[PDB]
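J.: Let me give you the structure first, and then I'll get to my questions.
Chains as they are written, first to last, in UniProt numbering: chain A, 686 to 734; chain Z, 490 to 538.
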C-alpha cells in the first residue's frame, strides 16, 4: 500500500457502512466416561482380581 | 543312563480359526442363551451372553 505523510493534510471519511462479522468460539467438548474392568479386563474374574 | 535310548515324540499344535481336528476329553453342555454365562467353544473360554 502507498501511504503519503503530510504535515498539513488530513483524510476524513464522508460515508460509512455497517459490517456484520462472525466469530465462532468453542465452549464445550464431549463428556466421556470410562470403566475400569470392562476396558482393562472385560468380564474376566481373574483379571479383575 | 546318558548312553541309553530315549524315544522322543514332538507334538506341534496349530490354534487357528479353522475347524478343530484334535480335542480334549471334555463333555459338551446344553446351550444357555440370554444369560451372563461362562462358555467354552472349542477352546475359546469366555464370559458373555
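Cβ atoms here follow ideal geometry from the backbone N, Cα and C, with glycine treated the same way.
Compare the C-beta of residue 510 of chain Z against all C-beta atoms of chain A and say whether one is closer than 8 Å.
T.: no
J.: Excluding sequence positions up to five away, which residues of its chain have a Cβ less than 8 Å from the Cβ of residue 531 of chain Z?
T.: These residues qualify, in order along the chain: 509 and 512.
J.: Using a C-beta to C-beta distance shorter than 9 Å, which residues of chain A count as neighbours of residue 532 of chain Z?
T.: None at all; the shortest Cβ gap to chain A is about 16 Å.
J.: What three-state label does DSSP hand residue 734 of chain A in the structure shown?
T.: Residue 734 of chain A: coil per DSSP, three-state reduction.
J.: Do residue 527 of chain Z and residue 536 of chain Z count as a contact pair if the criterion is CB distance below 8 Å?
T.: yes
J.: Where residue 733 of chain A and residue 708 of chain A are concerned, what is the direct C-alpha to C-alpha distance, given to the nearest angstrom?
T.: C-alpha separation (whole angstroms): 49 Å.
J.: For a cutoff of 8 Å on Cβ pairs, would you count residue 536 of chain Z as touching chain A?
T.: Interface residue (Cβ-Cβ distance to chain A less than 8 Å): residue 536 of chain Z is classified as such.
J.: Under three-state DSSP, which class holds residue 700 of chain A?
T.: coil
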